[PDB]
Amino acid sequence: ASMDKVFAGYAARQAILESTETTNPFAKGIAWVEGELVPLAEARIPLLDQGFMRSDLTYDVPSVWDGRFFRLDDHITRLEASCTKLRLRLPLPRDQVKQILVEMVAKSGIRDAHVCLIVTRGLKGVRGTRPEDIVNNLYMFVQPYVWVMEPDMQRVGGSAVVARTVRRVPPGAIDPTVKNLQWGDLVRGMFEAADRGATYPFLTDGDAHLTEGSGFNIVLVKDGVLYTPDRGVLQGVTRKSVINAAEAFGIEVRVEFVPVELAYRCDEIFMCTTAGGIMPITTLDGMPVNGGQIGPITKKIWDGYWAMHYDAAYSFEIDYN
C-alpha cells in the first residue's frame, strides 16, 4: 500500500534539500558543540574526551520525517535511562535540550533527518578522578536521514546471515539496553555478512538464540505471530512502534527468547530501526525466506509504522520559520 507514496514524498523533499546545498551551509547537517552551532562536517571534539578514549558514553537517535519529530519524548526518556545506567547525567535540562534540537532542525531546513544526542563521561575518566571532578559532555547533531536499507531495496527485501564468526556482547559484559557506540561485534558482523555475499548480520547470544544486528532489531513472523528477542538487545523505539501497530491490527507479538532455528522455519523476516524503519529480509544464509517475496504481515506493519508518523500521539510538526 504505502511504499510508493512514502518514498515519492521523501524523494521530492530530498530533491529540494539537495538543491540548497550551495546556499545553506547546514543542509548537509548541523552540530552543537559547547553551545556553538557548526556545519556537521566541521564539528570537532577534544581528542581526550572519554567518549573517544574509552567509548564511555551513551547516545540516542530520534528522527524527523516530513518535518515531524517522531516519538521524541520516548528517545529522550531512553537517553536519560541510559545515562542513569552508566552513572552519567544529561548535561542540560531536558526541555532546553528539546528546544535546541528543534532550533537545529529548523536552521538546517532538513525535513527528513536523524538527530543524534551523545552524552560522554567528559574530559576526565572514571579511573582515579574524584567523582566530584567529573563533568559530563553533550554533543548533538542533525543529519540527513540515514537508510540502513535504501528505499529500492525495501521494495524487494535484503539478504542476511546468521553470523557464525562473531556473537553479540552479552548483557553481563555490556548492557545492550544502553544504546552505545562500542560496535566491535557489530562491525565484525558487517564484515562477515559482506564476506558471505550478504548485507545484514543477525547475531546470536552465544547460546543458540537470536539477539539483534548491526544497528537494528530482528522480527520473525510465523503462522500469523510476530517473535522478537527480549533479552540481549536494545529495546528499540521502532520495535515499540511495531508492537503498537501489531496490537492495533490484532496481531500477537511475543517478546521472548527466539531460538536460532525459528529463523530457518519462519514465514517472513524483517529488521527494524530508526535509520530506515521496517526493512524486509527475503534471503537468509543464501536461501529464499519462504519463497523470497515480502510477506503480508511485514507489509501491514510497514504501512502502519509510517502512518504513525502523522498521528499526534506519536509525532509533532516542527516550525521551520
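Each residue number is its position in the shown sequence, starting from 1.
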If you average the CA temperature factors over each stretch, which comes out higher, 130-138 or 186-194?
130-138
Of 18-26 and 296-304, the stretch with the higher mean C-alpha B-factor in the deposited entry is 18-26
Among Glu261, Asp66, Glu252, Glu268, highest Cα B-factor in the entry goes to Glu252
If you check the C-alpha B-factor for each of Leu79, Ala173, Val97, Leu210 in the entry, which is highest?
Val97
Among all modelled residues of this chain, ranked by Cα B factor, put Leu101 in the bottom, middle or top third, i.e. lowest, middle or highest.
highest
CA B-factor ranking of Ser55, expressed as a third of its chain:
lowest
Chain-wide C-alpha B factor ranking for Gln154, given as lowest, middle or highest third:
middle
Among the modelled residues of its chain, does the C-alpha B-factor of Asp112 lie in the lowest, middle or highest third?
lowest
For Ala31, the third of its chain by CA B-factor is the middle
